[PDB]
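Engineer: Based on what follows, work out the 3D shape:
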Amino acid sequence: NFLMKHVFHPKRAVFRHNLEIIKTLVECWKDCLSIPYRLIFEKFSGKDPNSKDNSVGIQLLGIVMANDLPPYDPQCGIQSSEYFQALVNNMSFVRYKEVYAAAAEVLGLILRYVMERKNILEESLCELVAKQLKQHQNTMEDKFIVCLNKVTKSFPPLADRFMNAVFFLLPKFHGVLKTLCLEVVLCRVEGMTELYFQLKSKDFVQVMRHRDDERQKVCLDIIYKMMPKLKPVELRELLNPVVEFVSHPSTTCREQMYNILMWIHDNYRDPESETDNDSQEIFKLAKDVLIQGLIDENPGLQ
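Structural biologist: Numbering: from 1, shown residues only. The protein structure is shown below:
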């Protein structure tokens, strides 16, 4: 109890060392150690914006969250369920960071914990969505999608309530925000019917052709996941930017392209009669570029 009240220090190295020794204390002595959830609540219950006072509280909650502990409010009468709101409220405070991104991350783990062990399921989710929704229309589109990406790193299903807005925000974004949008839409691709129409409606090939070697990898993963349930007509158009990834400086993009190639070749092999000329053209391009892959520079994927 005493070792977590005096951890806020000017230098960041001392704060990190204190957090490390607190984490080591909890994991080694997990049994026969009650957790003072009131102290953490008092730490992250700040009201003044741009103050950087709830960061220590959310960091303590993340530290206790990493060793399979109850996700705050163990229903021991120490606090009430309305103090679980002060944890989501933390995502509103803008500027200085470390107060909304970490809050979104810890909230995602807590939801995941509650979706895995039954008990309460969606009660946290509604407020978190409202916070995302409020941060959506009232300008501030840059913060909304990064908070959504932080949440969806542990809880994909919440993205199901914002896919339309995610696709609407895609053309106007730039830099890393476009990448965040792309992995947000990547975290939910299975069961998303008519995904190709939405992707093509926002000029997906121009996003793929731009050299980013991380965004390109994300788009390649999206294509590899979306490849089943796709007609050969769609794959005929989609294959040319994929096979343009030969001689790409990045090894990982070439490897993902090669994996796409291996899937198409077994799947399109010996097609039943002349069902579609696209099914024939698609097989020929993949087979020939797969042959071309035999002299690749990287000795591993070769």
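
Engineer: Give me the phi and psi angles of residue 214.
Structural biologist: Here the main-chain torsion angles of residue 214 (degrees, to the nearest 10) amount to phi -120, psi -50.

Engineer: So what does residue 133 have for phi and psi?
Structural biologist: Here is the backbone geometry of residue 133 (degrees, to the nearest 10): phi -60, psi -40.

Engineer: That one: how many residues sit nearby?
Structural biologist: 14 (other CB atoms under 10 Å). Using the backbone N, CA and C atoms, a C-beta is placed for each residue, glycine as well.

Engineer: before we move on, what about residue 196?
Structural biologist: Counted with other CB under 10 Å, the neighbours of residue 196 add up to 19.

Engineer: Tell me which other helices or strands the host helix or strand of it touches.
Structural biologist: Using DSSP states H and E, residue 196 maps to helix 195-201. Helix 195-201 is packed against helix 215-226, with contacts defined by 3 or more CB pairs under 8 Å, 6 or more residues apart in numbering; DSSP states H and E.

Engineer: Only alpha carbons, please: show the helix it packs on as PDB.
Structural biologist: Only the C-alpha atoms of helix 215-226 are listed here, as PDB (Å, rounded to 0.1, in the frame of the first residue of the first chain):
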ATOM      1  CA  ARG A 215       0.800   0.500 -44.600                       C
ATOM      2  CA  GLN A 216       1.600  -1.600 -47.600                       C
ATOM      3  CA  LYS A 217       2.000  -4.600 -45.300                       C
ATOM      4  CA  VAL A 218      -1.300  -3.800 -43.600                       C
ATOM      5  CA  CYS A 219      -3.100  -3.700 -47.000                       C
ATOM      6  CA  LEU A 220      -1.400  -6.900 -48.100                       C
ATOM      7  CA  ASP A 221      -2.700  -8.600 -44.900                       C
ATOM      8  CA  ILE A 222      -6.200  -7.200 -45.600                       C
ATOM      9  CA  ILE A 223      -6.100  -8.700 -49.100                       C
ATOM     10  CA  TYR A 224      -4.800 -12.000 -47.800                       C
ATOM     11  CA  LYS A 225      -7.600 -12.200 -45.200                       C
ATOM     12  CA  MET A 226     -10.300 -11.000 -47.700                       C
END
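
Engineer: mind listing what's buried in it?
Structural biologist: 215-224, 226 (16 or more other CB atoms under 10 Å).

Engineer: Would you format those residues as a markdown table with distance to residue 178 included?
Structural biologist: Output for the buried residues of helix 215-226, formatted as a markdown table (distance: CB to CB, whole Å):
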| residue | distance to residue 178 |
| --- | --- |
| 215 | 7 |
| 216 | 12 |
| 217 | 13 |
| 218 | 10 |
| 219 | 10 |
| 220 | 15 |
| 221 | 15 |
| 222 | 13 |
| 223 | 16 |
| 224 | 19 |
| 226 | 18 |
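
Engineer: rewinding a little: could you identify the helix or strand that succeeds the helix holding residue 196?
Structural biologist: Next along the chain after helix 195-201, taking DSSP H and E as the criterion, comes helix 204-209.

Engineer: Would you mind listing the buried residues in that following helix?
Structural biologist: For helix 204-209, the buried set under the neighbour-count rule, 16+ other CB under 10 Å, comprises 204, 207-208.

Engineer: do the same with stretch 138-152
Structural biologist: By neighbour count on 16+ other CB under 10 Å, the buried set for stretch 138-152 is 141, 143-152.

Engineer: Which members of the residues you listed are positioned in helices?
Structural biologist: 141, 143-152 (DSSP state H).

Engineer: which one among these gets closest to residue 117?
Structural biologist: Nearest to residue 117 among those, counting by CB to CB, is residue 151 at 19.0 Å.

Engineer: Now do the same contact list for the closest residue to the closest one other than its chain neighbours.
Structural biologist: Distance criterion CB to CB, 6 or more residues apart in numbering; nearest residue to residue 151, sequence neighbours excluded, is residue 108 at 4.5 Å. Residue 108 makes contact with 150-155, 158 under the criterion CB atoms under 8 Å, 6 or more residues apart in numbering.

Engineer: Let me know the helix or strand that residue 108 is in.
Structural biologist: helix 101-116.

Engineer: Against residue 139, how distant is residue 72?
Structural biologist: Remark: distance between residue 72 and residue 139 (CB to CB, to the nearest Å) = 31 Å.

Engineer: All set, thanks.
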